[PDB]
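Take a look at the structure set out below.
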Amino acid sequence: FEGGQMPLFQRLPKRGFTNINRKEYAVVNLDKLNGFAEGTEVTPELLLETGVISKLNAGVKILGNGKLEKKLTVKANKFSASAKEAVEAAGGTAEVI
Amino acid sequence: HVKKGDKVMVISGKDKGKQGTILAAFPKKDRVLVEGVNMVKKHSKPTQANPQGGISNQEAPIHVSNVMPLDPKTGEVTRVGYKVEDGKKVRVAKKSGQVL
RNA sequence: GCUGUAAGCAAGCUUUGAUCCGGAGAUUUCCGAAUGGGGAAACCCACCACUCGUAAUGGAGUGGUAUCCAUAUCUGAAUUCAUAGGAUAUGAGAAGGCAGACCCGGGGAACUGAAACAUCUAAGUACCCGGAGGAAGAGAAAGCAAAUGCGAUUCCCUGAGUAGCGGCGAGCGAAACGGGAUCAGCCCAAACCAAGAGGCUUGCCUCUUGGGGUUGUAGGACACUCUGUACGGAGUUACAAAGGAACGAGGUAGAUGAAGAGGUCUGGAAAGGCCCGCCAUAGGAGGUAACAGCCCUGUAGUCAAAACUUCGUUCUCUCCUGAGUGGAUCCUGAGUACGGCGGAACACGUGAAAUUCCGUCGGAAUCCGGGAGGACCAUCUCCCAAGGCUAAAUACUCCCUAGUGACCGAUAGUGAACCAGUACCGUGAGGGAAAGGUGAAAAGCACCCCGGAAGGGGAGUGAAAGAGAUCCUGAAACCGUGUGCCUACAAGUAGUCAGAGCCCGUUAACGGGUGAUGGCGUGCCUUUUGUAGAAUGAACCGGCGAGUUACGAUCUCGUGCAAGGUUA
RNA sequence: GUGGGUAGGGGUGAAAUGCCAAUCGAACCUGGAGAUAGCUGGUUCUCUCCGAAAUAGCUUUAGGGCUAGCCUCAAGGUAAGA
RNA sequence: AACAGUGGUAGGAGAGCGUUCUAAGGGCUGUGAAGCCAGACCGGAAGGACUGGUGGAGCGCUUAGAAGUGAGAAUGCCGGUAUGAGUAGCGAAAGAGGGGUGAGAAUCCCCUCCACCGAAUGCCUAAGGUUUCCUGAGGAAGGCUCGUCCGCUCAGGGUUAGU
RNA sequence: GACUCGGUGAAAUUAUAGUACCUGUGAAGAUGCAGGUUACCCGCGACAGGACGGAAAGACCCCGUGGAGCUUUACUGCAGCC
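Same order as they appear, the protein sequences are chains e and n. Residue numbering for the first sequence follows the authors' numbering, beginning at 50 and increasing consecutively. Residue numbering for the second sequence follows the authors' numbering, beginning at 2 and increasing consecutively.
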């Protein structure tokens, strides 16, 4: 409230909107993938039972905040344009589902 | 559980251990008269009848669970059992198996 | 042993088995839906049959006699048929109530908020009215949903205070996906065929009965191949209704039931201390002259119901075919669906508004069809509305058993522990109290003295009588009676510090009480710039009386685990 | 006098805001209702540590509130502070 | 241990005391529990303890937990008791005297004088009231004072219709 | 009626008060405050100047974003009527 002065949520404009569909390919930090030593076959089903991905909201991207140094036959739905370099220079395949 | 008139000891109380028979029972109040036990002097109005009034020498009756029967044989204070062929639940006195 | 409260007297009754407790009946004046009629509730008056009685009238008993509806049957007006209507009998029809609740439907506000208020909210809340059932409502797709799809509704948790709605403000606020509890699906209608009837111009087409027939990438008819009429299945709760009779287990009454007076002491009384013994599938509770496993009722375990029930199984009984193949064509829900106008319910306030439901106008297709996929159109995916049945999962309690409370202990807990919705208060709808405890039992005070009598003093009763009728405990305000010290030259919010005299000896302390008089000193609280306040509050005394609780959000503090934590 | 009707955003009034059960510019009862109150009264045991303000911007707002202003608790920064 | 501080409303922080109940055992009670009253005792307070007397069956301590957790003020609520105060008031309106009753008489009864209403304070009977009527006893309570008396209390009795 | 005796016997109020006067200071008009002066202790019968005496959370004024009743070419609307 503001006494009777027209308060701050009314002196300020709307900013619409929210999507009819917004998808959150989330989350894979890249240094989560050093949970495989050595390991391959990085799939969300092999990540669901290992708790790196808590709940998979319509797919996952792989986000390049990290490094390896490990090869991984990565089977993921989406990738950053940096995760096609760390997985790639390590020699592991970076298969987009 | 005791009836008029079985042979009766006094478990506890002021008269702890005397015996006597039963003048009357009062089963709704759970309380039994014994001769000469809880002998209490009572003052009475001059009646109609008798004209004497005076002091009487009655007994106020006794609660039932300060009263036991006796074995006829040992003369012991004994607890009560039952189940008697052709006896209509006649009391087995413990230290088996005397009736009544 | 019994004749309830009730504590006493008379009269009686009972192991030729009484008092009590259950089952099954019978009895059940009158009012009350009241129902023959009137009625101002608890009363009057009838009539029709039948009985009792008088010579008869009068009088008395026994049933029947409302209203609506339905099944029939006679009659049957203006008016001819015929009908309205009238008369009669049959209906173990239904009107009333109440568990102040929960669930549908019709109506349906305001106050409050939005800091005003009128859109909104409050709120489809309360309240009124109709429904019944122990539950109701909904329900087997014109459903979600957009894949490798799910498969009737309901309820719970998430989803999430998200998508949204809103003078977009107050506030309102879903669904679907995910996981459980519960878990069953089916009949009608329509064509086709059989039997009646009923008319038309034979023909033709129009109502009932009996089969058949229950649908979606379509099903049925129809036709053609099979398949049964059983021994297979079902069944009274849907699925179609409907009967019995046996086996077992609960319930409305029970019955059995272990172990010590252990001794001593204190005592009015052991159930308590000490020293001891046992039982225990029983140490649940409650009495017991005081705190009992063993004294009693019982408890734990077992076992029983003549009669009523409630439930589960069987037998009896009852009832019943399912499929392929094609589509020459006939069906698949009409004044209905949708559409205009006007409203309401959907979280959606008339909107880009899907959807449902009403009023009023219009008004289609009927498989080559049609509907949903949040205005609208094509493609694509589901799915057949315009008919109906559906237990359980759910919400509930005036209730009835058994039980549990970090619930209450009489100014509390229901208003009512007490003859409470009583007394009183109101014309009346209505408001609505206060009031617990002798003792272990009446042993409730025989007798004497005073007194008219209550009321006492002795005497006994019991542990207490100071316990004796408000009857355990008894405080304070108050009201007394004795008093030790002060007071009749004194001006005082009454106290404090000083202080001699006088009087007492202590939770043994630089004691206690009164303090002649002196120095200081204008109550407590609220509200105020400021109150001794001539500003408010309080007569006093005692009791009751106000910051939480439920659910979330935030910060510190603590604990576990740590890019892994919690599970509804 | 008897007998009897007219019922509360109504009745009734040879009218005054009168009367409607001792109540009238809207009768009493029960509920929504624990309506709301920026307004008044009340806010129950002790000790210590610190310790305000009655100013401003606004405000259907002036005896209300909301940010600042001054207070307090805790943690960092560090000697900024005067 | 050294040095400094230590008034205080609104308010923030910290530490405590209380009461009731539950949970561990441990410990007091008929050789007397709780509560009550007394008292010159101890800690910083809220507060505790001890001896006496009453009281006649329950109760504390520690350690945690729960909270219908604390009274002086609400023109609060209920109950009791004051103050005013032996004060206002004792509800229009003539009795007096003798006797009797009884414990007690102005107030009760009887008698005799006197006085008031007499188009009402007469009788009769509606509205209502539901025994208030009569007798025989009492008398605490209601009678605005007594009170042998009553419309009070008890115990009986009491209302007869073809007009 | 009042006064007195005998019977019976309340209420409003009320922080505790053993309650003098005047001049001053004070919340600006004292019994209780300072200074001064009077005043043996306790009753009864009266009067009413004071205790801002009781009685009624002021009727007057003003505030409440309080309410009611009423009025109209105040707003938006309802019935009624056309």
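The beta carbon of each residue, even a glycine, is placed where N, CA and C say it ideally should be.
Backbone CA spacing between residue 36(e) and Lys124(e) [nearest angstrom] | The displayed coordinates of chain e run from 50 to 146. Any statement about residue 36(e) would go beyond what the structure contains.
Measuring CB to CB, does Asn114(e) end up less than 9 Å from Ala75(e)?
-> Your numbering for residue 114(e) matches position 65 in the first sequence. Your numbering for residue 75(e) matches position 26 in the first sequence. Not closer than 9 Å, so no.
Taking the beta strand (DSSP E) that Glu60(n) falls in, what are its first and last residues?
-> As a working note, residue 60(n) is residue 59 in the second sequence. Counting along the chain, the beta strand (DSSP E) containing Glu60(n) begins and ends at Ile56 to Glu60.
Counting only the same chain and skipping the five closest in sequence on each side, list residues whose C-beta sits under 7 Å from that of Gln59(n).
-> Counting from one through the second sequence, the residue named residue 59(n) turns up at place 58. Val41 and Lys43.
Which of the three DSSP states, helix, strand or coil, is assigned to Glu36(n)?
-> Taking the first residue of the second sequence as 1, we reach residue 36(n) at position 35. Secondary structure of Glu36(n) (DSSP, three-state): coil.
Cβ of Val65(n) within 9 Å of Cβ of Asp31(n)?
-> Counted from its first residue, the second sequence places residue 65(n) at position 64. Counted from its first residue, the second sequence places residue 31(n) at position 30. Yes, Cβ-Cβ distance for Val65(n) and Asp31(n) is below 9 Å.
Hey, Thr89(e) and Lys116(e): beta-carbon distance below 9 Å or not?
-> As a working note, residue 89(e) is residue 40 in the first sequence. As a working note, residue 116(e) is residue 67 in the first sequence. No, Cβ-Cβ distance for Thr89(e) and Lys116(e) is not below 9 Å.
Pairwise C-alpha distance: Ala143(e) and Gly108(e) | In the first sequence, residue 108(e) corresponds to position 59, counting from 1. In the first sequence, residue 143(e) corresponds to position 94, counting from 1. Each residue's alpha carbon lies about 15 Å from the other.
Taking only the alpha-carbon atoms, compute the straight-line gap between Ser129(e) and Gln54(e) and give it to the nearest angstrom.
-> Residue mapping note: residue 129(e) aligns to position 80 of the first sequence, counting from 1. Residue mapping note: residue 54(e) aligns to position 5 of the first sequence, counting from 1. Going by the C-alpha atoms only, they are around 48 Å apart.
Taking all protein chains shown into account, do 16 or more other C-beta atoms lie within 10 angstroms of the C-beta of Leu82(e), making it buried, or fewer, making it exposed?
-> Against the first sequence, residue 82(e) aligns to sequence position 33. Buried.
Counted within 10 angstroms of its Cβ, other Cβ atoms place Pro62(n) as buried (16 or more) or exposed = Numbered from 1 along the second sequence, position 61 holds the residue referred to as residue 62(n). With a threshold of 16 other beta carbon atoms within 10 Å, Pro62(n) meets it and is buried.
If you drop the 5 nearest sequence neighbours on each side, which residues of the same chain put their C-beta closer than 6 Å to that of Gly14(n)?
-> The residue given as residue 14(n) occupies position 13 in the second sequence. Taken in chain order, the residues that qualify are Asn67.
Between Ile56(n), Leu101(n), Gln20(n) and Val35(n), which lies nearest to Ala26(n) when the distance is taken from Cα to Cα?
-> Position 25 of the second sequence holds residue 26(n). Minimum Cα distance to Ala26(n) is reached at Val35(n).
Exposed or buried, which one is residue 1(n) when buried takes at least 16 other CB atoms within 10 Å?
-> With chain n covering 2 to 101 only, the question about residue 1(n) has no answer from this structure.
Determine which residues share a DSSP beta bridge with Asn78(e) and list them.
-> Against the first sequence, residue 78(e) aligns to sequence position 29. Paired residues: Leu112(e).
Return the chain-ordered list of same chain residues with a C-beta closer than 7 Å to the C-beta of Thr92(e), the five sequence neighbours on each side being excluded.
-> The sequence position of residue 92(e) within the first sequence is 43, counting from 1. So the qualifying residues of the chain are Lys124.
For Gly14(n), which three-state DSSP category applies?
-> For the purposes of this step, residue 14(n) is taken as residue 13 along the second sequence, with counting starting at 1. Looking at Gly14(n) - three-state DSSP - the assignment turns out to be coil, as it is neither helix nor strand.
Starting from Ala139(e), trace the alpha helix (DSSP H) both ways and give me its first and last residue.
-> Taking the first sequence and counting its residues from 1, one reaches residue 139(e) at position 90. DSSP places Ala139(e) outside any alpha helix (DSSP H), giving it a letter other than H or E.
Note down, in chain order, each residue of its chain lying with its Cβ closer than 7 Å to the Cβ of residue 105(n), except the 5 sequence neighbours on either side.
-> Because chain n is modelled from 2 through 101, residue 105(n) falls outside the range shown and cannot be assessed.
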